[PDB]
Amino acid sequence: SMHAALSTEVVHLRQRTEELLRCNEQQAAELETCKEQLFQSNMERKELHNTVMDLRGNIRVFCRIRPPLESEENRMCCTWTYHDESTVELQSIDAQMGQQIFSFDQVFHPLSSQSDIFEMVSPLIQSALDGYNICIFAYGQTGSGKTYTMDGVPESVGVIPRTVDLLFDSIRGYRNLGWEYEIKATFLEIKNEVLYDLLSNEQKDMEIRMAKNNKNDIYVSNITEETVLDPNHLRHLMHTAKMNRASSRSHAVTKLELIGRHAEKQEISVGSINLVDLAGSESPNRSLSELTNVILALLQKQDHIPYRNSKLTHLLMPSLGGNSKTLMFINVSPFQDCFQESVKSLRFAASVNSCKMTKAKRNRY
Amino acid sequence: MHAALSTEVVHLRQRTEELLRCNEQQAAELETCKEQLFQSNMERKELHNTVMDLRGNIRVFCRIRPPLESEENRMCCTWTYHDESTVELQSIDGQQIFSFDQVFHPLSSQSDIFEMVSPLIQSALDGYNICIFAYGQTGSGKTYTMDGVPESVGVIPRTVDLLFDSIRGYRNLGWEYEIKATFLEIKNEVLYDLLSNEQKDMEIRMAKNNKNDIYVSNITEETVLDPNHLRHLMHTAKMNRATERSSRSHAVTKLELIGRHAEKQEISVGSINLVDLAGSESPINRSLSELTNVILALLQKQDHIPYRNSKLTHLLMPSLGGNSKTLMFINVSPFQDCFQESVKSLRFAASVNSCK
Ligand SMILES: Nc1ncnc2c1ncn2[C@@H]1O[C@H](COP(=O)(O)OP(=O)(O)O)[C@@H](O)[C@H]1O
Ligand SMILES: Nc1ncnc2c1ncn2[C@@H]1O[C@H](COP(=O)(O)OP(=O)(O)O)[C@@H](O)[C@H]1O
């Protein structure tokens, strides 16, 4: 009577046990399959993203909105409506005709980690090894993330360090192929329309001039041509330069010139990686005033283009023209007090988004 | 023993609490992670079409065949490749220079030609219609180009294989696709089922739920069971052919893809249309000339397009629309007797670029 009752219940529960374990097994089998498919999908989606951006041409504009830090709680924060992964719109908390919705190549949410940011940039660096000039720029008001995105903090490294390792990994496989790539370095700081070499602590006078090789590229003199040795050597040179830099509103122009040496045949790759940390979008515009003019130039002007008025724009004269992938980070603060400046940064980003197609060279001489 | 089974029950009730909490956790990981797989694959599909758009929706290609050793003694003409997109023939006795989206010389393998088509099979799975053509004089390679040969299969066999392998993959995204094939043929502006041995009349009407879609009556529409099926089917398609006289007959294969996601209650339907155009030689005189009026017409963005003027332009109409992608292979004989006709072919290809 009792011994009957409870021995049935035992069996009944053995049924929920093996059912809740059967369903528990297949859930994990689907779940493992779903994530891989989701990775594979994200892979083929970022592939086509690079593949589309490529055909549109050679100027890319990414927009990264910074999250309020632990110091911003009651600070007024403008409304932010993310319509797509490439289209975003900001709204003034107060009252309100103008452009408020903005579409770029890729818009990064505050949540996006430094890894995701560099994940989209990675293809360009890799392209520099196959003979290609690359230039990365960080525009925006101060506090928006220009240092955070371009460079990186200790915990989350930025684009600058992330490329270092990525570049040496590729170099490793290329040495094996017989391609002995050589990495060089050039760190300089146009603080106030004056170049100041960050690798050379001794004061010098850089002078930007039509690169003697060809009118197409434009080199610079009095600059420490430091031949990089390994990932951490460059991490040493990174530290070196930030030391000299110390800054808030200055153009830190880094030029990791990338050469190649193939044992199969005397060919040489060209990798003009140009990681530039602009600063000061808000109105004081020392060199950044002419940056908006070369940009508005490439939109209107064709062959004719202002090349001076900004040491920065004269260094970048290889890019503006052609054979150079240009990518600009639009770091923008999410606060209502900076709502107008944020719009200003997004207006410049829209003109950058509307810039002309630049060609590309095999750069394999 | 009563205390023994009184304990087991108490163990079994825990291990089923934890197993109930464990299954509750898994299912919410699956829920959002299928949401992501869907949204991710959805931005994927969007990008792919944009890529496909930049490359062009209507691309034109050129494939001069290698001279057969049967004809090693038949004399060639002077072919000059000005780039990989451009070509020019000259008569061995004004200039004749032609530009393409891509040109295929006589060592271009069958695989090199499918590489142009391969991306489209993904767009047929994405719900866009797709159109594939083998324009050229008889002996150009039209048949060799699409159907292929046993050692090196053509575009149609490569499609099938890629089609099934995608479908198997897709099934992990939750879509379940189905393939319905209509092997038919147009002669003297009248259609014929190739899968049927009896002779039944067929006509082009509107589809039950779409006026733009095309419906053919009393055709066969075999639903494909596995490649083995698709093999038998395609075999049986070569039958009921004969008048040997495929020179004046348009061989239309149409693999309709019918993808349905139950979870999200969403459908994807794309139609592939691999057409083996009849010989372009001046003695179907209607369907051929018409199909090329329409294609030009499309390029020039005319308001109205005489889709009904031809059985072929009528039958293919839902795959000639803007969102729909079309690839045109001009096969050409590299010989001196073929010269004049090979020019006509290429000249039409100039027409296309000119209307753009
Ligand atoms: N996505 C992010 N996640 C975490 N912290 C961020 C993010 N973006 C910016 N920050 C932080 O906010 C500040 C960004 O300002 P910063 O980049 O230093 O000024 P500037 O824009 O002049 O270089 C830094 O403290 C940086 O650590
Ligand atoms: N790449 C190629 N390699 C070998 N043979 C080819 C090639 N292209 C065309 N041919 C030859 O030309 C013919 C192709 O068939 P074709 O006569 O153009 O088609 P249709 O039967 O539709 O008129 C066959 O003789 C084939 O052997």
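Here, residue 1 is simply the first one shown, and the rest follow in order.
For this deposited structure, the header notes the method as X-ray crystallography, 3.2 Å.
Including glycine, each Cβ sits where the backbone N, Cα and C put it.
For B:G136, B:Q137, B:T138, B:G139, B:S140, B:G141, B:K142, B:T143, the entry in Swiss-Prot reads ATP binding site, with the evidence type sequence analysis. Here Swiss-Prot flags B:349-353 as region 'Required for minus-end directionality'.
The ATP site, placed at the center of the C-beta atoms of B:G136, B:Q137, B:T138, B:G139, B:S140, B:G141, B:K142, B:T143, has further neighbours from the same chain whose C-beta lies within 8 angstroms: B:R65, B:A134, B:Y144, B:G279, B:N331, B:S333. Listed in sequence order, the binding-site residues among B:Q137, B:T138, B:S140 whose CB lies under 6 angstroms from an atom of ligand 2 come out as B:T138, B:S140. Take the CB of B:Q137 (ATP binding site) and look out to 10 A: across all protein chains shown you find 23 other CB atoms.
Through the fold, the region 'Required for minus-end directionality' (B:349-353) approaches residues 58, 60, 62, 98-100, 292, 295-296, 299, 328, 330 of its own chain, all at least 6 residues removed from its boundaries and within a Cβ separation under 8 Å. Taking H, G and I as helix, E and B as strand and the rest as coil, DSSP gives the region 'Required for minus-end directionality' (B:349-353) the counts 5 helix, 0 strand, 0 coil. Shown are the binding-site residues B:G139, B:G141; the one with the most C-beta atoms within 10 angstroms of its own C-beta is B:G141. Separating B:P283 and B:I284 are 11 residues for which the deposited structure gives no model; the Cα atoms of the pair are 11 angstrom apart.
The model of this deposited entry stops at B:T243 and resumes at B:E244, leaving 6 residues out; those two Cα positions are 5 Å apart.
For the binding-site residues B:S140, B:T143, counting C-beta atoms within 10 A of each C-beta gives the highest total at B:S140. Within its own chain, B:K142 (ATP binding site) has B:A134, B:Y135, B:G136, B:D276, B:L277, B:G279, B:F329, B:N331 as residues 6 or more apart in sequence whose C-beta sits under 8 angstroms from its own. Cβ neighbour counts within 10 Å, taken over all protein chains shown, single out B:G136 as the most crowded of the binding-site residues B:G136, B:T138.
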